[PDB]
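# Observations on the three-dimensional arrangement
The chain contents come next:
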Amino acid sequence: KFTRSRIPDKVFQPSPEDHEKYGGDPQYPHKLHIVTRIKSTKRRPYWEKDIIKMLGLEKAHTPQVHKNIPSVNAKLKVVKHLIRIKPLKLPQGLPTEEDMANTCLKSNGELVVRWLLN
Amino acid sequence: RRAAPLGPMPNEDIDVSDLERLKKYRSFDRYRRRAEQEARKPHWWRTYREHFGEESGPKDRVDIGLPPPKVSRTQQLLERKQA
Amino acid sequence: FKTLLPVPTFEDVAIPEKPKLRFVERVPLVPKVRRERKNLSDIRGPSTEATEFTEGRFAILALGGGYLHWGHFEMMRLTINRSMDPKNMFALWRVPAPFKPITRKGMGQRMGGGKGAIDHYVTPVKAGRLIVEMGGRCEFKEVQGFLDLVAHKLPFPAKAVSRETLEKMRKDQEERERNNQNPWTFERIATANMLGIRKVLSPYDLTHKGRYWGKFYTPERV
Amino acid sequence: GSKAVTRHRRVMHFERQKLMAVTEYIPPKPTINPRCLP
Amino acid sequence: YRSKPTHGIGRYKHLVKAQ
Amino acid sequence: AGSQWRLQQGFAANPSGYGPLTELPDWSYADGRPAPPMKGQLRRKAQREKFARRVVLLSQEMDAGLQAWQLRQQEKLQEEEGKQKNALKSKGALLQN
RNA sequence: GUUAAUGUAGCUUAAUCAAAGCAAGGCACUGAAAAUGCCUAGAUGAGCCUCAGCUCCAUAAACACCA
RNA sequence: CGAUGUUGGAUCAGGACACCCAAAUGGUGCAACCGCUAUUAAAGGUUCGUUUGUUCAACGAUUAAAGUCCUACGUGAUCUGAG
RNA sequence: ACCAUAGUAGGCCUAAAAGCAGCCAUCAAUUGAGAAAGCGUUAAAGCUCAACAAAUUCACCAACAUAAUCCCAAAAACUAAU
Ligand SMILES: [Mg+2]
Ligand SMILES: [Mg+2]
Ligand SMILES: [Mg+2]
Ligand SMILES: [Mg+2]
Ligand SMILES: [Mg+2]
Ligand SMILES: [Mg+2]
Ligand SMILES: [Mg+2]
Ligand SMILES: [Mg+2]
Ligand SMILES: [Mg+2]
Ligand SMILES: [Mg+2]
Ligand SMILES: [Mg+2]
Ligand SMILES: [Mg+2]
Ligand SMILES: [Mg+2]
Ligand SMILES: [Mg+2]
Ligand SMILES: [Mg+2]
Ligand SMILES: [Mg+2]
Ligand SMILES: [Mg+2]
């Protein structure tokens, strides 16, 4: 039978080189995910279709942001072949309430707070 | 998919090889005893004692007492033996 | 001019009586009455039992999976028995006599009607198992020469091997897999279910690691 | 449909074929051939 | 239960041979 | 084509997304008075805002979560001492010695 | 005569209610065992001391020794 | 299945080559004549009768030979109808 | 490529068994050549192998016919391609 699939935890123990490679900090995990749906749910099992629905990933090539907490990481782990995950970065820091209109999200995965001054 | 026992399994101690040379309790009662002793030990798996309220289980007792009377062990022993 | 070399000497080889291969029986002495379903799963994947040498230093090794029936046994027995020196060599069965009932229906039957009747018996052989084990005061080369015939006439692909040859190819096998340049191995991909690849794979694959497919085993597969 | 095990070698689902083709062994290739070295 | 650590805790028959 | 290059340089993989090409108000009156804004940019503003608002919210919730956990830890550590300060003075075994 | 240890009943408890559990025995019961019932013997190695300390004796494990 | 009319002949044959004949060769337990094998070659050939509805098959007489097959067991809006 | 002489037809069974139907020993001369690994003889004789000397590129395994109307895109080993 084709079934769901366990994914042994050894997969998710990162090697020391990986930090260098994908550009994460060995010390501090990132706070937020940018998830994008790269592939299609057609031809995939219903349970993956549902996960993709409940992550707000319905529409392709649209970014969506999620907490980096384990509860979410479980679902992302299930559908990880359908998606692209990139850590959200805040060079200018979090937006205040004056900056809400001017926010924009750049493809390198970083959120710029002041967009197009004069 | 097998898991690994946490700590000792109960009967894992005795040798299955050569059962005939092992001493058995032919008494129902000996068995009963051994069993009740086994039921008093703190096992690593979900047990009756755990759910049904041993009432705080292990408890370090703050004791406000009168100090126990001091009596000689050996002397007392001798006297009782004699009696 | 050429300098000599010390010749391999066997003082430690003890030859057993009846060095030739025992005759094996067409049908077991207690013929199975109850017709068994066919596990094809007993030909499939790597072998557990009979993977190692016991007394002898030479063997025939099975590179595929297959079924050995009585014809095959006869062939091996006759060929090996008249190709060896009964004084200096001895042979041994590493395979049991055929125990597994296999049915047939009369040619020309329609589909259905019941199971068939028991035609003959076979032995299942999983890849990596020793078929026949030859020891003796022999060097490997002679034994190799005639054993490769037998090996070639078996149903599965097979080789003639020694202890040296076997350990050689096992160390080569693992050394090939720690040498590997490309990051992507069947194991790594399957276990982690990358690309949802589990959809196309069988569960058994997690163990087989792409090395065994059906009854076929390709050693080149890392 | 065919049994899991079979005599005739059993064509794979295309995706599995891709998988097999990707995971092939790649022998390490030395920068300089040891023979053309001194 | 096979998946659990406590599996085969009730296993006995290997202790008594009656055949 | 050439999305990969556009990505390395930090632009949008598609020239349509978010560059100056798209965002700017492609026409204006001859006098110089601004034109009524553009439907596309209006919607893009709205949902970009929506996104930011969400980022703030999740960030805050996660922080408040961590603080709440740390607080519960402090409460536990404080109760452990709250048992000792409130306890009676042990007597019986110590008085004979 | 030298080193590492000891001397709880046959094996293992306890040494602040207390020398404890199990083996082991007898008789009864059925052909033997076994179970069961009614019963049986038991120890802190020996001499002083302080309220663990000093020796002795003996075993044990070695070495030396002796024949 | 609101029909893809079925055996053997007749007529006309299209094709394969796994060659029966004709051609060129290798091996022979090939002296010669015969043969037995194997390779290459498909342009052209591959009989007439007695009995069977017959295909096969037996038999008579010959042939350089009387090939093995495929074509809706070729071919009934061309024939036959013995089965 | 090169080369091959000695106890000796080694002892037996057999019509004959001379290295070479079979059984048992497997010693020994010469720098060097097995009581002989293949062919051969009725038994031989006779050809080779391993042995000296002579020299020295490298040398383990691997190859597998075919159908019926007419083959079936055309073609092409480098000007920079995640
Ligand atoms: Mg074969
Ligand atoms: Mg199926
Ligand atoms: Mg639109
Ligand atoms: Mg006492
Ligand atoms: Mg019809
Ligand atoms: Mg019609
Ligand atoms: Mg024609
Ligand atoms: Mg031809
Ligand atoms: Mg001809
Ligand atoms: Mg023709
Ligand atoms: Mg037909
Ligand atoms: Mg027809
Ligand atoms: Mg007709
Ligand atoms: Mg017609
Ligand atoms: Mg020579
Ligand atoms: Mg041919
Ligand atoms: Mg063409």
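Analysis parameters
- Residues numbered from 1 in each chain as written, not as in the entry; some residues may be left out.
- Chains lettered and ligands numbered in written order.
- Part of a larger assembly, values for the part shown.
- Heavy atoms only, no water.
- Pairing = 2+ DSSP bridges.
- Helix = DSSP H or I, 4+ residues; strand = E, 2+ residues; numbered from the N terminus.
- Axes fitted to C-alpha atoms, helices over the stretch in contact; angles between N-to-C directions.
- Contact = heavy atoms within 4.5 Å.
- Buried area = accessible area lost by both parts, 1.4 Å probe.
- Salt bridge = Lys/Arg side-chain N within 4 Å of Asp/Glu carboxyl O.
- Polar contact = N/O pair within 3.5 Å; in protein donor to acceptor, adjacent residues only side chain to side chain.
- Nonpolar A, V, L, I, M, F, W, Y, C, P; charged D, E, K, R; others polar.
- UniProt positions renumbered as here; feature names shortened; annotations may be inferred.
- Buried < 20%, exposed > 50% of the residue type's maximum accessible area, 1.4 Å probe, protein only.

So, on to the sheet that holds strand β1 (residues 32–37) of chain A. One open sheet holds the 3 strands; their spatial order is β2-β1-β3 (chain A), and the pairing between them is antiparallel. The open sheet terminates on both sides in strands that have one partner only, identified here as β2 (63–67) and β3 (83–87) of chain A. Here the average twist between neighbouring strands, direction ignored, is 30°. Docked against the sheet, helix α3 (residues 39–85) of chain F engages β1 and β2 of chain A, running at close to 10° with respect to β2 of chain A.

Here the focus is the interface of chain D and chain C. Across the boundary between the two partners, chain D contributes 20 residues, which contact 26 residues of chain C. The junction of chain D with chain C conceals about 2,200 Å² of combined surface from both sides, 66% of it contributed by carbon and sulfur atoms. Together, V5, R16 and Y25 of chain D form the three largest contributors to the area buried by chain D at its contact with chain C, with a combined 31%. On inspection of chain D and its partner chain C, the count reaches 1 salt bridge. Across the salt bridge formed by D205 of chain C and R16 of chain D, the nearest N and O atoms sit 2.7 Å from each other. Here chain D and chain C share 8 residue pairs in polar contact between them. A per-class count over the side of chain D that touches chain C returns 10 nonpolar, 3 polar and 7 charged.

Take the UniProt feature "binding site: Mg(2+) 1" (unreviewed entry) in chain C next. Residue and element names in this part refer to chain C. Following the UniProt record, one finds the feature "binding site: Mg(2+) 1" (unreviewed entry) at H152 and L154. Locating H152 in the fold gives a position in helix α2 (residues 140–152). Classification of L154 by relative accessible area gives buried; the value is 6%. For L154, the contacting residues outside a window of four places in its chain are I60, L68, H72, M75, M76 and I131.

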